[PDB]
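**Student:** Taken in order, the first sequence gives residues 16 to 87, 98 to 111; the numbers are from the authors' numbering.
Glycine residues also receive a C-beta, built at the ideal position from the N, C-alpha and C atoms.
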Amino acid sequence: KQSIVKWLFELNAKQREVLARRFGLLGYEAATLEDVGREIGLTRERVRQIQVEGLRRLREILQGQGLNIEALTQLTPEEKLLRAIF
DNA sequence: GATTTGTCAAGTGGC
DNA sequence: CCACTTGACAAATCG
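(1) Along the chain, where does the alpha helix (DSSP H) that runs through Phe38 open and close?
(2) Please confirm whether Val62 and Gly69 have their CB atoms less than 8 Å apart.
(3) Indicate whether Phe38 and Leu106 have their beta-carbon atoms separated by less than 8 Å.
(4) Ignore the nearest five residues each way along the sequence and tell me which others in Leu87's own chain have a CB closer than 6 Å to its CB.
(5) Could you have a look at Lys16 and say whether DSSP puts it in helix, strand or coil?
(6) Got a sec? Which residues, its chain only, sit under 6 Å from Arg36 by beta carbon, not counting five neighbours each side?
(7) Thinking C-alpha only, which one of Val67, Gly81 and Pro102 is nearest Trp22?
(8) In whole angstroms, what is the alpha-carbon distance linking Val33 and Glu103?
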């Protein structure tokens, strides 16, 4: 309940894999849209589509009154996720 | 100064 | 409706 990565586990593996692969989170190294789709098996574009849904859908999920201020290039990948959600 | 990267509007098409 | 591609496009990117 102390970081974003925890709430990443509320989506299908695709919106999880696409997010983690793209933001350098959870062991993966931050990757281009193309390299993520080549490793999943989808087009460069659909990966952004999977990204935005899971990103937009992560905003809905975060409306559980999480005391938004908690622990929010010097930007560690977790902090690159939040400002991508909202 | 071109290649790469993200993005758009419109496209196929239904293990 | 859905997952997904196609083919354009400006802009970030890199040297």
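**Tutor:** Once the coordinates are examined:
(1) The count along the first sequence starts at 1 and reaches residue 38 at position 23. Annotation for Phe38: the continuous alpha helix (DSSP H) segment containing it runs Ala28 to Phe38.
(2) For the purposes of this step, residue 62 is identified with residue 47 of the first sequence, where counting begins at 1. For the purposes of this step, residue 69 is identified with residue 54 of the first sequence, where counting begins at 1. Against a cut-off of 8 Å, the Cβ pair of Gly69 and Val62 comes out as no contact.
(3) Taking the first sequence and counting its residues from 1, the one referred to as residue 38 is at position 23. Taking the first sequence and counting its residues from 1, the one referred to as residue 106 is at position 81. Between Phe38 and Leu106, the gap from beta carbon to beta carbon is short of 8 Å.
(4) Looking up residue 87 in the first sequence gives position 72. Residues of the same chain with a CB within less than 6 Å of the CB of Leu87, apart from the 5 flanking positions on each side, are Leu107 in chain order.
(5) Here the question's residue 16 lines up with position 1 in the first sequence. It is coil, neither helix nor strand.
(6) Translated into the one-based positions of the first sequence, residue 36 becomes position 21. Within the same chain, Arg36 has close Cβ partners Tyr43, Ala46 and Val51.
(7) Here residue 22 is taken as the residue at index 7 of the first sequence, counted from 1. Here the closest residue by C-alpha is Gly81.
(8) Reading the first sequence from its first residue, position 18 is the one you call residue 33. Reading the first sequence from its first residue, position 78 is the one you call residue 103. Answer to the nearest angstrom: the Cα atoms are 14 Å apart.
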